[PDB]
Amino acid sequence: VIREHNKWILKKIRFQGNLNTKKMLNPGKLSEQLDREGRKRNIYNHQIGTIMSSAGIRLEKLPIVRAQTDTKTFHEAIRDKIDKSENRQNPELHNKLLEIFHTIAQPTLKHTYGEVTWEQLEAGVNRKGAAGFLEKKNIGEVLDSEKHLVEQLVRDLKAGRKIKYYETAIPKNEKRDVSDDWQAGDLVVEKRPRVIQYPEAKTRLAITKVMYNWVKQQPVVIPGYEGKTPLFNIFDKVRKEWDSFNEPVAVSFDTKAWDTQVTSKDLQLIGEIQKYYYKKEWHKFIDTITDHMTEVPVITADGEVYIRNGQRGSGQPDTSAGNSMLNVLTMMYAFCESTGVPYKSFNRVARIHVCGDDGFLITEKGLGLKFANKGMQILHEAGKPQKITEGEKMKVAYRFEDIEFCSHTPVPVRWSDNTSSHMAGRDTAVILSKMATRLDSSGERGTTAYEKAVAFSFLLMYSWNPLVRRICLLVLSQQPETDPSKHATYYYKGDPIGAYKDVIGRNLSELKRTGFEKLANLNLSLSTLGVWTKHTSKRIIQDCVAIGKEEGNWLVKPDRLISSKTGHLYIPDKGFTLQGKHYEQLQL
């Protein structure tokens, strides 16, 4: 019981309290917070957050917390992962790994790679790209002015000269999924930070500029490199391979802290593979740069300095390519050595998919489990320790939907024309989490021109999720005469629904059904964690109907269920899908 002149505060609570105070009342949390600089910004996306709160969705219950950027733990991070000797690896590992590479190399491109125009390096670049402990300017600023300094770096490197190489190590500030944790007792309030180790935004532009093709894997030369592959159509092509086996089994790759496991010889092996695709003139640039990465001096954000014995530095330009190639080769290596299947014969009995250290392969039940069992040991001595599990063997999948990749598994979808396909699935709880806390930082206070680009982006990815799909449609119904933001993953031109068709291949309205028992599972956590109420679904459905009832062409009617209830369809006008300020150019 609180005093009257104090109840006014209550008009502002928007979430249950988390203080867990025991002798002092803790009414609730407010919708806003305080900037690291004192300002008062929002926690979630307004439009989206509001719609979700309409139904019994409790934003405060979404498995999402921030990472601890404090130095105390930031150091505990370095000490717990990066502080390690290099993994002992069997002798011929790198010879036999190189051997496997040659069985997959394309002679057509051998020694054909060269430098690139500032005009393509500049394409899609994240300008606000870090600076480096001893560097004043960031990417963009370097691009604006010191563009010349970068050209001599390239020269000094091509000539294999002196270069004071070093990396800055800072804890990555970001919100992290804690779904698993909360699903079990551990109600963590925040999670350990990832240490980003990176070159100096000059040395970055220098390396990237000449090695654009390998790094940006334009001609994709890495077996099963799913890196430039949009996520919303990968399982369809993977379903193909699955269906091409008699008793298919999928085995996932689970290296514990990949980056932390790359050896010097691993880095050298990629150096070689790199020299295979680059013209002889650049081979010294590669040797010089590779030589430095074998032992890097690292300056932490607070001043400390450690001499890392070259593992991988997340901020290095060659992380995606390097890690991927190195991953496939090592997995291919392990597989063959476990089954006996000749290196050269891999593609005869197996199909592989890799994205960094993330990936899996598909083979017959026989070979597959022989690999999962003998792979633990073989990989371990190869220097890529697999996460220890109760099963004692690599994670095997006997069902297609049980295939996990890039934090997603295949969700079955039934189209109106009685055909099927699979989309990228994930626990709803998490989709909703990321959809509510993704705030774009084109710094801006965010529009409704950004929340639309986000909803559109989540539409392409999760149309198979009714709840999520409808939330998007509602957001997209707002302010029709205001184009979407380009600061989201994808954005659209013309009609959103028209655009959906553009990349998905089918129209939203043609989406007739979602695997019952798959969707069912992906919604289980929503209750365990009490994220929604037994009326949310109903409510969101009503929210939609309301809008699409009256005669007119409403973009909320592309949802079959809503359509049948309002009796109206939605006739799309053309639309086109596009990326925004990009990471790795997806080839849509």
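The first residue of the sequence shown is number 1, and the count goes up from there.
Here 271-279 and 301-309 are compared by their mean Cα B-factor, and 271-279 comes out higher. Relative to its counterpart among 574-582 and 18-26, 574-582 has the higher mean temperature factor, C-alpha atoms as listed in the PDB entry. Taking only the listed residues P248, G515, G391, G383, the entry reports the highest CA temperature factor at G391.
Highest CA B-factor among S407, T319, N138, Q197, as stated in the entry: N138. For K158, the recorded CA temperature factor ranks within the highest third of the chain's modelled residues. Looking at the C-alpha B-factors along this chain, the one for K565 belongs to the lowest third. The PDB entry assigns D259 a C-alpha temperature factor belonging to the lowest third of its chain's modelled residues.
For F360, the recorded CA B-factor ranks within the lowest third of the chain. Only modelled residues enter the ranking.
Sort the chain's modelled residues by C-alpha temperature factor and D559 lands in the lowest third, per the entry.
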